[PDB]
Each structure stands twice: as structure tokens, then as C-alpha cells.
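Visitor: See entry-v1.cif below, with mmCIF, C-alpha atoms.
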```cif
data_run
loop_
_atom_site.group_PDB
_atom_site.id
_atom_site.type_symbol
_atom_site.label_atom_id
_atom_site.label_comp_id
_atom_site.auth_asym_id
_atom_site.auth_seq_id
_atom_site.Cartn_x
_atom_site.Cartn_y
_atom_site.Cartn_z
ATOM 1 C CA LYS Y 4 50.151 -196.170 152.115
ATOM 2 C CA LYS Y 5 53.802 -196.305 153.070
ATOM 3 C CA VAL Y 6 55.201 -194.405 155.984
ATOM 4 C CA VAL Y 7 58.605 -192.697 155.804
ATOM 5 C CA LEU Y 8 60.142 -191.407 159.035
ATOM 6 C CA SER Y 9 62.717 -188.596 158.738
ATOM 7 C CA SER Y 10 65.104 -188.039 161.631
ATOM 8 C CA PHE Y 11 64.533 -184.309 161.774
ATOM 9 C CA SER Y 12 62.503 -181.394 160.357
ATOM 10 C CA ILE Y 13 64.868 -180.513 157.529
ATOM 11 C CA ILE Y 14 64.913 -184.059 156.087
ATOM 12 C CA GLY Y 15 61.150 -184.285 156.637
ATOM 13 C CA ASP Y 16 60.486 -181.210 154.589
ATOM 14 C CA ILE Y 17 62.780 -182.323 151.728
ATOM 15 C CA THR Y 18 61.107 -185.698 151.678
ATOM 16 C CA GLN Y 19 57.615 -184.145 151.571
ATOM 17 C CA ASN Y 20 58.619 -182.107 148.462
ATOM 18 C CA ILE Y 21 59.780 -185.252 146.697
ATOM 19 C CA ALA Y 22 56.896 -187.569 147.735
ATOM 20 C CA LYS Y 23 54.085 -185.044 147.650
ATOM 21 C CA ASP Y 24 51.709 -187.285 149.625
ATOM 22 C CA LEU Y 25 52.507 -190.472 147.697
ATOM 23 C CA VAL Y 26 53.729 -191.662 151.123
ATOM 24 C CA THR Y 27 53.074 -190.460 154.654
ATOM 25 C CA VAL Y 28 56.097 -188.473 155.852
ATOM 26 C CA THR Y 29 56.671 -188.345 159.603
ATOM 27 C CA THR Y 30 59.409 -186.651 161.622
ATOM 28 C CA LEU Y 31 61.197 -187.788 164.783
ATOM 29 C CA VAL Y 32 62.928 -184.614 165.989
ATOM 30 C CA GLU Y 33 60.263 -181.983 165.325
ATOM 31 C CA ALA Y 34 61.163 -178.344 164.573
ATOM 32 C CA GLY Y 35 62.457 -176.535 167.589
ATOM 33 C CA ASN Y 36 64.481 -179.397 169.091
ATOM 34 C CA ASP Y 37 68.168 -180.103 168.819
ATOM 35 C CA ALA Y 38 68.542 -183.135 166.511
ATOM 36 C CA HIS Y 39 71.805 -184.251 168.158
ATOM 37 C CA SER Y 40 70.653 -184.278 171.876
ATOM 38 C CA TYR Y 41 66.940 -185.413 171.480
ATOM 39 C CA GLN Y 42 65.185 -187.808 173.817
ATOM 40 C CA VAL Y 43 63.041 -190.390 171.962
ATOM 41 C CA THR Y 44 59.649 -190.750 173.679
ATOM 42 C CA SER Y 45 57.099 -193.655 173.905
ATOM 43 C CA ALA Y 46 55.091 -191.980 171.214
ATOM 44 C CA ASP Y 47 58.144 -191.707 169.086
ATOM 45 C CA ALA Y 48 58.605 -195.448 169.382
ATOM 46 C CA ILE Y 49 55.233 -195.777 167.554
ATOM 47 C CA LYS Y 50 56.515 -193.624 164.689
ATOM 48 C CA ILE Y 51 59.522 -195.903 164.533
ATOM 49 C CA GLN Y 52 57.378 -199.092 164.446
ATOM 50 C CA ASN Y 53 55.145 -197.601 161.699
ATOM 51 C CA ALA Y 54 58.095 -196.684 159.528
ATOM 52 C CA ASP Y 55 58.554 -198.544 156.254
ATOM 53 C CA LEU Y 56 61.743 -196.520 155.642
ATOM 54 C CA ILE Y 57 63.868 -194.414 158.014
ATOM 55 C CA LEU Y 58 65.816 -191.370 156.640
ATOM 56 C CA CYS Y 59 68.817 -190.262 158.766
ATOM 57 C CA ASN Y 60 71.339 -187.511 158.172
ATOM 58 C CA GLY Y 61 74.244 -189.559 159.277
ATOM 59 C CA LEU Y 62 77.532 -187.750 159.916
ATOM 60 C CA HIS Y 63 76.823 -188.764 163.543
ATOM 61 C CA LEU Y 64 73.855 -186.502 163.838
ATOM 62 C CA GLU Y 65 71.666 -189.301 165.259
ATOM 63 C CA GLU Y 66 74.401 -191.068 167.113
ATOM 64 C CA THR Y 67 72.789 -190.817 170.596
ATOM 65 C CA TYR Y 68 69.433 -192.369 169.361
ATOM 66 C CA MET Y 69 70.455 -194.844 166.725
ATOM 67 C CA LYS Y 70 69.799 -197.472 169.323
ATOM 68 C CA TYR Y 71 66.076 -196.646 169.191
ATOM 69 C CA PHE Y 72 65.945 -197.664 165.524
ATOM 70 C CA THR Y 73 65.726 -201.310 166.533
ATOM 71 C CA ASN Y 74 62.981 -204.006 166.700
ATOM 72 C CA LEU Y 75 61.937 -202.519 163.315
ATOM 73 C CA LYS Y 76 59.271 -203.664 160.891
ATOM 74 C CA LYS Y 77 60.596 -206.396 158.600
ATOM 75 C CA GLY Y 78 62.084 -204.864 155.513
ATOM 76 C CA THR Y 79 62.453 -201.359 156.972
ATOM 77 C CA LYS Y 80 65.836 -199.921 156.061
ATOM 78 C CA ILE Y 81 67.713 -196.994 157.540
ATOM 79 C CA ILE Y 82 69.046 -194.761 154.762
ATOM 80 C CA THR Y 83 71.780 -192.157 155.227
ATOM 81 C CA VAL Y 84 70.803 -189.273 153.032
ATOM 82 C CA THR Y 85 74.308 -187.776 153.044
ATOM 83 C CA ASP Y 86 75.874 -190.744 151.117
ATOM 84 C CA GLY Y 87 78.399 -189.266 148.637
ATOM 85 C CA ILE Y 88 79.112 -186.081 150.674
ATOM 86 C CA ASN Y 89 82.769 -185.988 151.687
ATOM 87 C CA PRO Y 90 82.708 -185.284 155.431
ATOM 88 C CA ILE Y 91 84.270 -182.215 156.967
ATOM 89 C CA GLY Y 92 85.755 -182.906 160.407
ATOM 90 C CA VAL Y 93 84.878 -181.159 163.622
ATOM 91 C CA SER Y 94 88.512 -180.340 163.930
ATOM 92 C CA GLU Y 95 89.271 -176.659 162.928
ATOM 93 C CA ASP Y 96 92.782 -178.231 162.876
ATOM 94 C CA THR Y 97 92.165 -180.152 159.639
ATOM 95 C CA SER Y 98 95.464 -182.077 160.236
ATOM 96 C CA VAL Y 99 94.034 -184.442 162.880
ATOM 97 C CA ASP Y 100 91.136 -186.816 162.111
ATOM 98 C CA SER Y 101 87.989 -186.090 164.086
ATOM 99 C CA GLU Y 102 84.240 -186.726 164.281
ATOM 100 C CA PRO Y 103 82.324 -185.445 161.296
ATOM 101 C CA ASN Y 104 80.548 -182.113 161.333
ATOM 102 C CA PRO Y 105 76.882 -183.016 160.576
ATOM 103 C CA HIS Y 106 75.722 -179.785 158.932
ATOM 104 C CA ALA Y 107 75.988 -180.990 155.244
ATOM 105 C CA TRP Y 108 72.574 -179.637 154.327
ATOM 106 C CA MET Y 109 73.897 -175.981 154.424
ATOM 107 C CA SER Y 110 75.133 -176.190 150.837
ATOM 108 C CA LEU Y 111 73.593 -175.755 147.429
ATOM 109 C CA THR Y 112 75.503 -178.685 145.959
ATOM 110 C CA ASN Y 113 74.580 -180.891 148.919
ATOM 111 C CA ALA Y 114 70.903 -179.992 148.786
ATOM 112 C CA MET Y 115 70.927 -181.712 145.364
ATOM 113 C CA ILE Y 116 72.587 -184.823 146.903
ATOM 114 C CA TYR Y 117 70.035 -185.016 149.794
ATOM 115 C CA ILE Y 118 67.274 -184.791 147.221
ATOM 116 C CA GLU Y 119 68.847 -187.447 145.040
ATOM 117 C CA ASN Y 120 69.427 -189.892 147.864
ATOM 118 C CA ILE Y 121 65.854 -189.456 149.071
ATOM 119 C CA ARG Y 122 64.436 -189.819 145.566
ATOM 120 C CA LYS Y 123 66.392 -193.031 145.184
ATOM 121 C CA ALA Y 124 65.185 -194.481 148.498
ATOM 122 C CA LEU Y 125 61.580 -193.513 147.874
ATOM 123 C CA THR Y 126 61.827 -195.135 144.453
ATOM 124 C CA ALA Y 127 63.284 -198.404 145.869
ATOM 125 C CA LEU Y 128 60.526 -198.414 148.500
ATOM 126 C CA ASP Y 129 57.632 -197.596 146.166
ATOM 127 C CA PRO Y 130 58.713 -198.421 142.582
ATOM 128 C CA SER Y 131 55.247 -198.130 141.021
ATOM 129 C CA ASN Y 132 55.583 -194.385 141.659
ATOM 130 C CA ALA Y 133 59.097 -194.009 140.193
ATOM 131 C CA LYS Y 134 58.061 -191.598 137.425
ATOM 132 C CA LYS Y 135 56.426 -189.290 139.957
ATOM 133 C CA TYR Y 136 59.387 -189.222 142.387
ATOM 134 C CA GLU Y 137 61.534 -188.579 139.308
ATOM 135 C CA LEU Y 138 59.538 -185.545 138.240
ATOM 136 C CA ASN Y 139 59.115 -184.303 141.775
ATOM 137 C CA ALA Y 140 62.806 -184.515 142.587
ATOM 138 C CA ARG Y 141 63.727 -182.594 139.430
ATOM 139 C CA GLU Y 142 61.158 -179.862 140.126
ATOM 140 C CA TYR Y 143 62.223 -179.477 143.640
ATOM 141 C CA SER Y 144 65.915 -179.414 142.773
ATOM 142 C CA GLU Y 145 65.145 -176.643 140.248
ATOM 143 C CA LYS Y 146 63.168 -174.707 142.766
ATOM 144 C CA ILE Y 147 66.128 -174.764 145.184
ATOM 145 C CA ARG Y 148 68.575 -173.779 142.468
ATOM 146 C CA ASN Y 149 66.299 -170.955 141.285
ATOM 147 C CA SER Y 150 66.089 -169.400 144.751
ATOM 148 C CA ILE Y 151 69.554 -170.018 145.989
ATOM 149 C CA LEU Y 152 71.780 -169.555 143.002
ATOM 150 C CA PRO Y 153 71.202 -165.820 142.718
ATOM 151 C CA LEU Y 154 72.436 -165.542 146.385
ATOM 152 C CA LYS Y 155 75.549 -167.536 145.469
ATOM 153 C CA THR Y 156 76.147 -165.321 142.582
ATOM 154 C CA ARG Y 157 76.047 -162.245 144.857
ATOM 155 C CA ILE Y 158 78.149 -163.903 147.528
ATOM 156 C CA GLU Y 159 80.847 -164.752 144.922
ATOM 157 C CA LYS Y 160 81.472 -161.080 144.216
ATOM 158 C CA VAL Y 161 82.930 -160.664 147.747
ATOM 159 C CA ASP Y 162 86.493 -159.337 147.874
ATOM 160 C CA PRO Y 163 88.730 -162.350 148.681
ATOM 161 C CA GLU Y 164 90.011 -160.874 151.946
ATOM 162 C CA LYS Y 165 86.462 -160.753 153.166
ATOM 163 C CA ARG Y 166 85.703 -164.384 152.298
ATOM 164 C CA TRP Y 167 84.882 -165.550 155.797
ATOM 165 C CA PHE Y 168 81.842 -167.098 157.369
ATOM 166 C CA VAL Y 169 82.154 -166.640 161.211
ATOM 167 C CA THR Y 170 79.473 -168.218 163.318
ATOM 168 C CA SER Y 171 78.865 -169.556 166.870
ATOM 169 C CA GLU Y 172 78.272 -173.207 166.100
ATOM 170 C CA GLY Y 173 80.321 -174.597 163.163
ATOM 171 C CA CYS Y 174 77.177 -174.719 161.148
ATOM 172 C CA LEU Y 175 78.500 -173.251 157.813
ATOM 173 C CA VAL Y 176 81.610 -175.374 157.120
ATOM 174 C CA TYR Y 177 79.928 -177.155 154.146
ATOM 175 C CA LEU Y 178 78.595 -173.828 152.812
ATOM 176 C CA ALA Y 179 82.134 -172.415 153.045
ATOM 177 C CA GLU Y 180 83.475 -175.365 151.105
ATOM 178 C CA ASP Y 181 80.681 -175.161 148.456
ATOM 179 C CA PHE Y 182 81.139 -171.415 147.814
ATOM 180 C CA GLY Y 183 84.891 -171.168 148.413
ATOM 181 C CA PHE Y 184 84.975 -169.224 151.740
ATOM 182 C CA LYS Y 185 86.896 -169.818 154.935
ATOM 183 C CA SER Y 186 85.179 -170.811 158.176
ATOM 184 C CA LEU Y 187 85.616 -169.721 161.797
ATOM 185 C CA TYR Y 188 83.431 -170.644 164.736
ATOM 186 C CA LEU Y 189 83.306 -170.880 168.526
ATOM 187 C CA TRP Y 190 82.233 -174.553 168.996
ATOM 188 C CA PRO Y 191 81.622 -177.367 166.437
ATOM 189 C CA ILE Y 192 78.358 -178.745 167.752
ATOM 190 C CA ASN Y 193 75.802 -177.036 170.046
ATOM 191 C CA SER Y 194 74.754 -180.182 171.938
ATOM 192 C CA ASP Y 195 78.308 -180.586 173.227
ATOM 193 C CA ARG Y 198 82.443 -175.015 174.893
ATOM 194 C CA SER Y 199 86.150 -174.297 174.607
ATOM 195 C CA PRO Y 200 87.766 -171.179 175.968
ATOM 196 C CA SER Y 201 90.666 -171.873 173.496
ATOM 197 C CA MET Y 202 88.352 -171.952 170.502
ATOM 198 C CA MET Y 203 86.944 -168.607 171.528
ATOM 199 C CA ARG Y 204 90.479 -167.244 171.962
ATOM 200 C CA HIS Y 205 91.415 -168.607 168.535
ATOM 201 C CA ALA Y 206 88.392 -167.028 166.853
ATOM 202 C CA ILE Y 207 89.165 -163.704 168.449
ATOM 203 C CA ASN Y 208 92.752 -163.792 167.308
ATOM 204 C CA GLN Y 209 91.797 -164.897 163.797
ATOM 205 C CA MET Y 210 89.235 -162.175 163.445
ATOM 206 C CA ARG Y 211 91.701 -159.525 164.529
ATOM 207 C CA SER Y 212 94.396 -160.959 162.244
ATOM 208 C CA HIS Y 213 92.144 -161.076 159.162
ATOM 209 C CA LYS Y 214 90.113 -157.960 160.018
ATOM 210 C CA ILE Y 215 86.888 -159.916 159.967
ATOM 211 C CA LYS Y 216 83.838 -157.773 160.319
ATOM 212 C CA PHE Y 217 80.894 -159.940 161.334
ATOM 213 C CA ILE Y 218 80.021 -162.912 163.513
ATOM 214 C CA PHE Y 219 76.608 -164.583 163.657
ATOM 215 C CA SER Y 220 74.679 -166.682 166.181
ATOM 216 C CA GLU Y 221 71.972 -169.147 165.353
ATOM 217 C CA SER Y 222 68.301 -169.826 166.081
ATOM 218 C CA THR Y 223 68.901 -172.578 168.683
ATOM 219 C CA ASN Y 224 71.815 -171.137 170.661
ATOM 220 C CA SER Y 225 72.696 -168.112 172.664
ATOM 221 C CA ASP Y 226 73.798 -164.827 171.070
ATOM 222 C CA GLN Y 227 75.929 -163.947 174.067
ATOM 223 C CA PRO Y 228 79.195 -165.483 173.003
ATOM 224 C CA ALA Y 229 78.976 -163.973 169.470
ATOM 225 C CA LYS Y 230 78.356 -160.592 170.905
ATOM 226 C CA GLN Y 231 81.233 -160.869 173.347
ATOM 227 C CA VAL Y 232 83.553 -161.902 170.501
ATOM 228 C CA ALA Y 233 82.273 -158.983 168.428
ATOM 229 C CA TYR Y 234 83.119 -156.663 171.257
ATOM 230 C CA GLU Y 235 86.574 -158.088 171.757
ATOM 231 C CA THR Y 236 87.420 -158.035 168.060
ATOM 232 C CA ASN Y 237 85.866 -154.659 167.185
ATOM 233 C CA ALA Y 238 83.671 -156.650 164.799
ATOM 234 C CA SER Y 239 79.846 -156.469 164.538
ATOM 235 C CA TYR Y 240 77.328 -158.980 165.645
ATOM 236 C CA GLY Y 241 75.650 -160.195 162.465
ATOM 237 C CA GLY Y 242 72.330 -161.513 163.892
ATOM 238 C CA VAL Y 243 70.622 -164.893 163.934
ATOM 239 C CA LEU Y 244 70.832 -167.517 161.256
ATOM 240 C CA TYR Y 245 68.587 -170.551 160.875
ATOM 241 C CA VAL Y 246 70.670 -173.728 160.411
ATOM 242 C CA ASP Y 247 69.809 -176.603 162.794
ATOM 243 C CA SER Y 248 65.976 -176.819 162.622
ATOM 244 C CA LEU Y 249 63.079 -175.426 160.635
ATOM 245 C CA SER Y 250 61.434 -172.553 162.382
ATOM 246 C CA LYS Y 251 57.913 -172.685 163.513
ATOM 247 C CA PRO Y 252 55.289 -172.159 160.718
ATOM 248 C CA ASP Y 253 55.043 -168.398 161.179
ATOM 249 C CA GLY Y 254 58.815 -167.921 161.529
ATOM 250 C CA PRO Y 255 61.115 -167.125 158.673
ATOM 251 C CA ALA Y 256 62.316 -170.687 157.889
ATOM 252 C CA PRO Y 257 59.279 -173.088 157.885
ATOM 253 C CA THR Y 258 60.743 -175.152 154.977
ATOM 254 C CA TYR Y 259 64.224 -176.224 153.964
ATOM 255 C CA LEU Y 260 64.179 -173.899 150.928
ATOM 256 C CA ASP Y 261 63.113 -171.011 153.143
ATOM 257 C CA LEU Y 262 65.844 -171.870 155.605
ATOM 258 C CA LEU Y 263 68.578 -171.822 152.949
ATOM 259 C CA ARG Y 264 67.132 -168.681 151.401
ATOM 260 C CA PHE Y 265 66.817 -166.854 154.743
ATOM 261 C CA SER Y 266 70.260 -167.689 155.988
ATOM 262 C CA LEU Y 267 72.080 -167.117 152.754
ATOM 263 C CA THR Y 268 70.188 -163.812 152.291
ATOM 264 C CA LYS Y 269 71.217 -162.675 155.709
ATOM 265 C CA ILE Y 270 74.815 -163.647 155.038
ATOM 266 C CA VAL Y 271 74.911 -161.826 151.689
ATOM 267 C CA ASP Y 272 73.240 -158.756 153.139
ATOM 268 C CA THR Y 273 75.780 -158.477 155.883
ATOM 269 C CA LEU Y 274 78.892 -159.194 153.786
ATOM 270 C CA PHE Y 275 78.063 -156.415 151.383
#
```
Take the structure in the file and give it back as C-alpha cells.
Guide:
Amino acid sequence: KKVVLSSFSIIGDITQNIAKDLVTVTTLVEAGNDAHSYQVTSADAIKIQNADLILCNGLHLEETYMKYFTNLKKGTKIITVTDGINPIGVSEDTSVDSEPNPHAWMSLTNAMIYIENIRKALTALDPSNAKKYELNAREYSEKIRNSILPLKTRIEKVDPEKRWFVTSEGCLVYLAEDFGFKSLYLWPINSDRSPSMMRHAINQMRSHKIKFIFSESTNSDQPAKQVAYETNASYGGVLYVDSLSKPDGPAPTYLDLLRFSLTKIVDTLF
């Protein structure tokens, strides 16, 4: 039985829906840890040795621990499951070039690309099961579309002047792009804050009469609430974007994570 190591919980869950036990799916950065600032342990080095295939997000998400994906089993490839997603830069000033924002999985379109890239890699690893990964990938893709599309459809009725997703981390930039909304946030990447970015958000919210700002499940709510106060906006609550929740939390699977967060967004913007 082949072993497929996913860099973090979200990619692990996607991969499990496509493979459905045809392979053993393991996860490096388990739910509840920051994927960008993780420390790889001795035990983790065993997971890495056992891997027949390694699935990374790319977009620099794993940049601090790429070096641990070395001395690998012969034939073990590292696949970037975001291949074909045009990166969005960590610059809010989209003039300058900048490091990529890693959060490509917060997108209906991109969910389909993650699935496709993983299907492809599983199929090149284990070609005698091609027909099963094929079926599984289609089913799973459908499942995602069936849950998430009705949320898109609701979101798209928003009045254009209210088309803003305002968060703490820049976790929704790919969602904004996919659904045709503008983005505003306080810092691009949690692991990394700027007083000027906060000032800029405040000014932008006042200027565009933006009504809500969110925080997320792995960062503090304090800055969002302060910005709400200073802008006469409302604090929107906590979104799940950077990790699956624990099993009894609201986002134990990638589908549940998209559904939860998009539901919360929709429910606050109407």
C-alpha cells in the first residue's frame, strides 16, 4: 500500500476523498497548527521517509520546511497541488511584485484544480487504480459544487457597493477573485503586523462604508474588533481558513470548511 503525505490538514482531507483508502494518506501539519510556521519533528521525519508521494500547497506555504523534504525514498516526488492557479501577490499594492499569497484553496474554482492535480498525481503513482481515482475525483468535485454553489449564488446578489470581503489575515483574496469581490485585510500572512496596513484598512472601510470585518480561527480577534470600533463597522466573527478544525468543531473537512466560512460570509453580508 502506497503512502501519500500531505503538507497540511486541508490537502490531507481532499486527498482522502479522492483516494478513499486506496492509499494511506498522512498529514505533516496536523489540524490546529499554522502550516507556514510549523516545526518538523523526529516523528515527522518518519512520515517523510515513508512517503511515496508528497503533496504541497506551494505558493510558498511550505517554504520554511521544504528543506526537510530531502533524503527521500527513491522515486518519491513532491507535487504542487496549486499548479495552474495564477498567484495573487501579498502586496495589497498590486503594482509591485511580491511573494505569493498561499490561500488558493478558499475558492470554488480552485477547489476543482486542487482535486484535479491530486487525482492526476495519485493516478501517476498508482495507475492500476486510475478508474477509481477518476470516479472519486468527479464525485467529490460534484459534492463540493453542490454544497458551495448555492452560497455563491446568494453571495452574487450582493449590491455592488457592498462587494467587499474584509478580514484580519489576507485569507480571502482568491475567494474575492473567484466571486468578483474586493479584498481588504490587516496583514497578508499570520505567521509573519503593519500599523500602516491597519491604517489603510480603516480608511478604506470608512471611504467605502464597509460594514463588517472578520477574524479567523487561528488568530486573534482583537485587531478586527479595534478596526470595527474605529470604522463604526461590526465585527463579523470567526472564519475557518488556515486549518481544519478539530473533529467536533464546525470545519472537520475541507468541504465543511468552505461551507462554514462561505455561509458565515453570506449570512453577514445580507
Visitor: Return the single residue from Y:73, Y:45, Y:239, Y:27 that is closest to residue 129 of chain Y, with distances computed using only C-alpha atoms.
Guide: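 Between Y:73, Y:45, Y:239, Y:27, the residue approaching residue 129 of chain Y most closely is Y:27.
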Visitor: Every residue with an atom at most 12 Å from (52.6, -193.6, 164.6) (file coordinates; only C-alpha atoms) is what I'm after, so could you write them as an NGL selection string?
Guide: :Y and (5-8 or 27-31 or 44-55)
Visitor: Identify all residues satisfying the PyMOL selection byres ((chain Y and resi 102) around 9) in the given file; provide them as a list in words.
Guide: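 Taken over the shown coordinates, the PyMOL selection byres ((chain Y and resi 102) around 9) returns residues 62, 63, 91, 92, 93, 94, 100, 101, 103 and 104 of chain Y.
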Visitor: Using only C-alpha atoms for the distances, tell me which of Y:152, Y:262, Y:169, Y:84 is nearest to residue 246 of chain Y.
Guide: Y:262
Visitor: When you draw a straight line from atom CA of residue 126 of chain Y to atom CA of residue 110 of chain Y, how long is it in Å?
Guide: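 Computing it gives 24.0 Å between the two atoms.
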Visitor: Check which residues satisfy the PyMOL selection byres ((chain Y and resi 78) around 12) in the file shown, then give them as a PDB file with C-alpha atoms, keeping the file's coordinate frame.
Guide:
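File written: part_8.pdb
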```pdb
ATOM      1  CA  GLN Y  52      57.378-199.092 164.446  1.00  0.00           C
ATOM      2  CA  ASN Y  53      55.145-197.601 161.699  1.00  0.00           C
ATOM      3  CA  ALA Y  54      58.095-196.684 159.528  1.00  0.00           C
ATOM      4  CA  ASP Y  55      58.554-198.544 156.254  1.00  0.00           C
ATOM      5  CA  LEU Y  56      61.743-196.520 155.642  1.00  0.00           C
ATOM      6  CA  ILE Y  57      63.868-194.414 158.014  1.00  0.00           C
ATOM      7  CA  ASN Y  74      62.981-204.006 166.700  1.00  0.00           C
ATOM      8  CA  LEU Y  75      61.937-202.519 163.315  1.00  0.00           C
ATOM      9  CA  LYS Y  76      59.271-203.664 160.891  1.00  0.00           C
ATOM     10  CA  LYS Y  77      60.596-206.396 158.600  1.00  0.00           C
ATOM     11  CA  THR Y  79      62.453-201.359 156.972  1.00  0.00           C
ATOM     12  CA  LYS Y  80      65.836-199.921 156.061  1.00  0.00           C
ATOM     13  CA  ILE Y  81      67.713-196.994 157.540  1.00  0.00           C
ATOM     14  CA  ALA Y 127      63.284-198.404 145.869  1.00  0.00           C
ATOM     15  CA  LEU Y 128      60.526-198.414 148.500  1.00  0.00           C
TER      16      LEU Y 128
END
```
Visitor: Please extract segment 216-234 of chain Y and write it out with N, CA, C and O atoms, as a tab-separated table (two decimals), in the first residue's frame.
Guide:
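Here's the written file decode_4.tsv:
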```tsv
chain	number	residue	atom	x	y	z
Y	216	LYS	N	-19.25	47.49	6.15
Y	216	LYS	CA	-19.93	47.17	7.36
Y	216	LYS	C	-19.43	46.09	8.27
Y	216	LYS	O	-19.77	46.07	9.40
Y	217	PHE	N	-18.63	45.18	7.76
Y	217	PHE	CA	-18.15	44.04	8.57
Y	217	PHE	C	-16.68	43.79	8.36
Y	217	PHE	O	-16.14	43.94	7.22
Y	218	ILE	N	-16.04	43.34	9.45
Y	218	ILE	CA	-14.69	42.72	9.34
Y	218	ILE	C	-14.64	41.47	10.20
Y	218	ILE	O	-15.06	41.54	11.31
Y	219	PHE	N	-14.02	40.42	9.69
Y	219	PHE	CA	-13.89	39.14	10.32
Y	219	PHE	C	-12.45	38.95	10.92
Y	219	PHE	O	-11.49	39.67	10.55
Y	220	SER	N	-12.35	38.00	11.86
Y	220	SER	CA	-11.12	37.36	12.23
Y	220	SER	C	-11.22	35.90	11.93
Y	220	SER	O	-12.24	35.42	11.40
Y	221	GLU	N	-10.15	35.15	12.20
Y	221	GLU	CA	-10.11	33.77	11.78
Y	221	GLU	C	-9.70	32.84	12.92
Y	221	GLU	O	-9.29	33.28	13.97
Y	222	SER	N	-9.82	31.54	12.69
Y	222	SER	CA	-9.81	30.54	13.76
Y	222	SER	C	-8.41	30.35	14.35
Y	222	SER	O	-8.27	29.88	15.47
Y	223	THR	N	-7.38	30.78	13.65
Y	223	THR	CA	-6.02	30.71	14.27
Y	223	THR	C	-5.38	32.02	14.57
Y	223	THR	O	-4.19	32.04	14.72
Y	224	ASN	N	-6.11	33.14	14.66
Y	224	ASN	CA	-5.51	34.40	15.05
Y	224	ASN	C	-6.37	35.11	16.03
Y	224	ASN	O	-7.45	34.65	16.38
Y	225	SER	N	-5.88	36.22	16.55
Y	225	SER	CA	-6.63	36.98	17.50
Y	225	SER	C	-7.76	37.79	16.85
Y	225	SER	O	-7.62	38.34	15.73
Y	226	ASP	N	-8.86	37.94	17.61
Y	226	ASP	CA	-9.97	38.80	17.20
Y	226	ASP	C	-9.76	40.24	17.57
Y	226	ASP	O	-10.58	41.10	17.21
Y	227	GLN	N	-8.73	40.53	18.35
Y	227	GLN	CA	-8.57	41.89	18.89
Y	227	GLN	C	-8.38	42.97	17.83
Y	227	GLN	O	-9.03	44.01	17.84
Y	228	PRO	N	-7.52	42.71	16.87
Y	228	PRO	CA	-7.36	43.77	15.86
Y	228	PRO	C	-8.67	44.04	15.08
Y	228	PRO	O	-9.05	45.19	14.92
Y	229	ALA	N	-9.34	42.99	14.62
Y	229	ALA	CA	-10.62	43.15	13.92
Y	229	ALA	C	-11.61	43.94	14.71
Y	229	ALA	O	-12.23	44.90	14.20
Y	230	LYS	N	-11.68	43.67	15.99
Y	230	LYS	CA	-12.62	44.41	16.80
Y	230	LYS	C	-12.25	45.88	16.97
Y	230	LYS	O	-13.12	46.77	16.95
Y	231	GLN	N	-10.96	46.13	17.15
Y	231	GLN	CA	-10.49	47.51	17.20
Y	231	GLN	C	-10.80	48.28	15.92
Y	231	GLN	O	-11.26	49.40	15.98
Y	232	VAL	N	-10.54	47.65	14.77
Y	232	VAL	CA	-10.86	48.25	13.48
Y	232	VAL	C	-12.35	48.48	13.33
Y	232	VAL	O	-12.80	49.56	12.91
Y	233	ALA	N	-13.14	47.49	13.72
Y	233	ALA	CA	-14.62	47.72	13.78
Y	233	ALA	C	-14.97	48.94	14.57
Y	233	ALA	O	-15.72	49.83	14.08
Y	234	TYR	N	-14.40	49.06	15.77
Y	234	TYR	CA	-14.70	50.23	16.56
Y	234	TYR	C	-14.32	51.50	15.85
Y	234	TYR	O	-15.09	52.49	15.82
```
